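Okay, here's what each chain looks like letter by letter:
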Amino acid sequence: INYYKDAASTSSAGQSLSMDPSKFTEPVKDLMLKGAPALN
Amino acid sequence: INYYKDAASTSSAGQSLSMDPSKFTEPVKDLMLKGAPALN
Amino acid sequence: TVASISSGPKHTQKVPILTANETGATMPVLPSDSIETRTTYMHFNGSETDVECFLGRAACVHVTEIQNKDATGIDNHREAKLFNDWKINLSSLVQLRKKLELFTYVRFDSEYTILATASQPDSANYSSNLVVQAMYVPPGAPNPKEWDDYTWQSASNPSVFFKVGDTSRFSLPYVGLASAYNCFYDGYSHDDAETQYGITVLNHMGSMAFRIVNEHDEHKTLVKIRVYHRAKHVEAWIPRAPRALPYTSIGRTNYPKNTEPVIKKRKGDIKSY
Amino acid sequence: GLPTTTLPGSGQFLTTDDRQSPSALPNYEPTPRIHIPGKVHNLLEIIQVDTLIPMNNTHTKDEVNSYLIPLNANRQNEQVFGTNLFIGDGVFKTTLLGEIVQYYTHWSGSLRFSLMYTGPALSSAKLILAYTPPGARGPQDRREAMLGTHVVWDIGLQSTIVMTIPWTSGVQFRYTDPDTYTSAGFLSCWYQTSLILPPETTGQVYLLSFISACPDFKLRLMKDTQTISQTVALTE
Amino acid sequence: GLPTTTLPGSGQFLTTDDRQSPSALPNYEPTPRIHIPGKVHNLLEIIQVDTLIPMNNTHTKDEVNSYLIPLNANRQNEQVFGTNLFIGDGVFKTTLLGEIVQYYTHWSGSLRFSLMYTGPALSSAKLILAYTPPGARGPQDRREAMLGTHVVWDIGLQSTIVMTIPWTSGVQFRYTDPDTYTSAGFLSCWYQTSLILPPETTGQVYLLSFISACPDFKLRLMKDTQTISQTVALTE
Amino acid sequence: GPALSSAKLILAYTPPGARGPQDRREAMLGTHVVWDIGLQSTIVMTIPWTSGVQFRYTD
Amino acid sequence: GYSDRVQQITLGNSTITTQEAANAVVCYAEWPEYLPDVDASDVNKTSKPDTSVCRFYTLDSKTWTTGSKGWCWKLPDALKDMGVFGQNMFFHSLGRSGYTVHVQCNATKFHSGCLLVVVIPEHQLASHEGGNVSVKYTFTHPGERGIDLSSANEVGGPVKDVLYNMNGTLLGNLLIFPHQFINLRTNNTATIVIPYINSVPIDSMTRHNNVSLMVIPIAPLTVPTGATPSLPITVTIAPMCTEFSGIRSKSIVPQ
């Protein structure tokens, strides 16, 4: 129950439960498959 | 939920969301169209 | 969810453990690519590492102090700590600062808690009960000059009145001018040859002025204000390397000269355990 | 008895909170409303009405004359007036727009700047108004001025010209109190050809100038105005 | 009036509680969000990116050189480097992994340790990396080392080798601050055959080493880092 | 050159109207190809037809 | 027969071929794109010179020697003088751009050495003076010359200490930023595609640089016996999807 009118006044947000490290761990242009050779 | 009986005791009103500047910006008797000459 | 699958002997032409790090990727290698594993489940979600959780607890961001005393003959209230302002910041006490600067841009609502306690360091008959007034002074508002100016009327400026010993709490929406607050800014306010570098309005969060509403009693009373800040509704972009050297200034990246080696030297060889 | 816990902030008075209160006058009946022309709902409604700018600020005590921008016959190439666009300060500051902007911390939007010509009907003139977006200096000559937002105004039957300063900005809000990072540009005006008076006529002619906000406009984060203060409470 | 009772804890301020508060700025409209590449949601997302380990810690002031593990041509049977696995201390401590682990009290999971070789292309080498699970001493010679988790690495076209320290543990969580009961083992590396340089070439070659966490990883019970402190508040 | 050598060259075409470039900075602002000497021994640069008039004289 | 190894990038009227690449990085896995209306604020129609600005400019070459500490360029600064890109830059009030960065360094199979090529969004530098000394404008706007981390401290300039990234963080952790290594034994180029990253939809190109490109030797250069002890490093950069807005008089900037 929100007792207040504005959105800033609500409690903390709830877990992204998004999670996708590939923008950080695999930003390569041509896709690399694990097990296939790195450099062909 | 109002806890009180009288109307003065309720919280602030809620946004007019009315908004019509023409009583102030265009109080002319004969309607002016933008693009048409001001004085004919 | 499985944390590890079962995997047995391998004799392949398909080697997942040989890679080329020059590419910039961190290939997702697992225990089961190089030893024989058994199934195990995660039993865990990673709840407490969510950025909302990481930045979402109150941190002390500021300690100031004001006193209640006879202003009679004081030529400069501000200077007597008759009242005091604070331009809001999150980079003056380092604990929260290092946490925020793990990201480049950050966006959140703030919840402030203000604790005020009183001290009476010299002989008093009693402890008086003072009410503090905290005014939020956005840039362009008249700033208080005396501890009882017209400014304190605060007819258009949000202000909270609470008692010393108590706490005040309110929450302010994200007041940034851009889409996020810049944790860093490699720019100037204009192409001036001598303008300041790095410090920017892009970060500006307002400013706050404190005073005691009470007139003076016979003794003097020191009131010390602690402002706590909790981020709620957090959004963070672009992770960066953590801060290694100590901080020297609000808003610049500068570290102190003749600082000490930050990497612990081995007591022994490279070969040592 | 239901168990409760009180949180931090209990008992505080926040001048901006909005809650219910007991009525001191239970059951009282207010006077009926009758109709009155003119109801205002948003300050955004009124900042779109244009008002005069004391552009000619060069006097030494407030006078009707600082509303008049003078024009000289027969000058060529030269500059009529110049100003920066800190709507919360300087020429703008006493105008209705300036005066309202000062109740808020941030503004964004387009401005409408118009000039009404008052010279004899048998005279003629062509002026150029130029808006210079942030990043360059106030133009120093028309050549410089004409490379940015501009309108050649031809003085005619239609007495006023409405120039718009379109919102040109990286950051989506600027501060109303003058700030650098957040600065908006310059506005200048020059003779395009020149003012020409008819025979039997002489002297200076003046332009009146107005400012109002486009429907585009946004103002946010209310605060107190530097435009009013006091030293003791008034009495009757 | 509804009857209430207040419980123990009323009026306390717990920095970790999460409740509603009045907004000081009623009705204010925040700036629109625009799109920015790079959003982070979990610290677990970032500790999977590998970063360099200053393994060569033997210097006396921080230098680029403590990131370089040297290799000697023609040595046989010998040991390249050794370290315990207290990820919250020692070599690991300044790495991004080490640096984040320090915001939490407990960790569990697999680690990924990789070595990228930088010697001339016409050289060759075979190294053995060994993980020694808790309970035995840091191995003292390859024979000892090779009886635990190990990978023979053959230096080739494929420049990096990724060793995983699989989670070997009785207790399902370990402390990030070094603790005995909770200790994780040792990591050592030895020549399997030996580094061989081509003609016309000489000296030491170096390996770069990285550390990142497997998707396996769990961190819990947040706390304050020993990695940052201060003596007076900073100012502008 | 020997197979164990390496080199990176830039070839630049300068369309009519400017002088023969005098340094790479000048050269690199017109049609150019960075050539990386490798296994593939030849590089084919095209001088695309850049012209107002649709025919030129051979003399 | 496609290898990760050979590549061709054609952009405008200029083409690059590498026969010894190591894939390419696209920052944060996003490719440069123009500014959508939903994200727009300034009402001005923007100018998109296209092929006259989106081509490859090769900056002047550097020389890696055994004593090198590393070099740093800022964008869009490094290009402030390249062809029509630069003119547009000084002439509009606002502009926006992504880039393709191609760093080149070839050697032979007897050399060793490894460079880190990294892009840091919002790289705010530190003053070597400490305290709250600022870093003057000129110092953070080196132009095509970039900053040479092995040059001496100057007054009003930034600190040039490599183990600290010019800001109080450790060299070892720069790997959290989009980056690629050039290891003579593997690699001979590094290519990174940079999408436009800012907290505003469009900004000023002169008062704010939005990325620093940094090339840092990490495993020292080691040449074969009696080889000349140095290699040149060349940086070629191409603006991509550039847009300029708010045209006028032409900025005048310090120094």
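Data block above holds the structure.
Residues numbered from 1 in each chain as written, not as in the entry; some residues may be left out. Chains lettered and ligands numbered in written order. Part of a larger assembly, values for the part shown. Heavy atoms only, no water.

Novice: Where do I start with the pattern of salt bridges in this structure?
Specialist: Opposite charge on two side chains lets them pair, provided their charged atoms get close. Residues and elements named next belong to chain D. Taken as a whole and assessed by the stated rule, the structure comprises 37 salt bridges over all chains. The partner of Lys126 in a salt bridge is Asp154, with the nearest N and O atoms 2.8 Å apart. With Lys126 in strand 8 (residues 126-132) and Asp154 in strand 9 (residues 149-154), the pair connects residues that are 28 residues apart, well separated along the chain. Using a relative accessible area of 32% as the deciding quantity, one classes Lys126 as partly exposed. When its relative accessible area of 45% is taken as the criterion, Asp154 is described as partly exposed. (Salt bridge = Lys/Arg side-chain N within 4 Å of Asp/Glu carboxyl O. Helix = DSSP H or I, 4+ residues; strand = E, 2+ residues; numbered from the N terminus. Buried < 20%, exposed > 50% of the residue type's maximum accessible area, 1.4 Å probe, protein only.)

Novice: It is not clear to me how the interface of chain D and chain G should be interpreted in this structure. Could you clarify?
Specialist: In many reports, interface size means the accessible area that the parts give up when they come together. With 19 residues of chain D in contact, the opposing surface of chain G contributes 18 residues. Of the roughly 1,400 Å² buried at the junction of chain D and chain G (both faces included), carbon and sulfur atoms supply 51%. A per-residue breakdown of the area chain D buries against chain G is headed by D:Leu147, D:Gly170 and D:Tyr181, which together make up 29% of the total. At the surface where chain D touches chain G, the tally comes to zero salt bridges. Applying the counting criterion to the chain D and chain G interface returns eight residue pairs in polar contact. (Contact = heavy atoms within 4.5 Å. Buried area = accessible area lost by both parts, 1.4 Å probe. Polar contact = N/O pair within 3.5 Å; in protein donor to acceptor, adjacent residues only side chain to side chain.)

Novice: Honestly, a nonpolar patch on the surface in this entry has me stumped. Any pointers?
Specialist: Together, B:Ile1, B:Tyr3 and B:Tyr4 make up a nonpolar patch on the protein surface, roughly 430 Å² of accessible area in all. The residue B:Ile1 is located in the segment before helix 1 (22-25) in this model. (Patch = residues over 30% accessible without salt bridge, like charges linked within 9 Å, V, L, I, M, F, W, Y side chains within 5 Å. Areas by Shrake-Rupley, 256 points an atom, 1.4 Å probe, with all protein chains shown as cover.)

Novice: Looking at this structure, how should I read the interface of chain C and chain E?
Specialist: Taken together, the contacts link 81 residues of chain C with 99 residues of chain E. Summing both partners gives a buried area of about 7,900 Å² for chain C against chain E, and 59% of it is carried by carbon and sulfur. Run the count over chain C and chain E and you get six salt bridges. Among the ionic pairs, C:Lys264 bridges to E:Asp89, the shortest N-O distance being 3.1 Å. Remark: the boundary between chain C and chain E carries 46 residue pairs in polar contact. Mapped onto the side of chain C that touches chain E, the elements with two or more residues apiece are strand 2 (18-19), helix 1 (51-55), helix 2 (94-100), strand 6 (103-119), strand 9 (167-172) and strand 12 (221-239) of chain C.

Read these as geometric descriptors, not functional statements.
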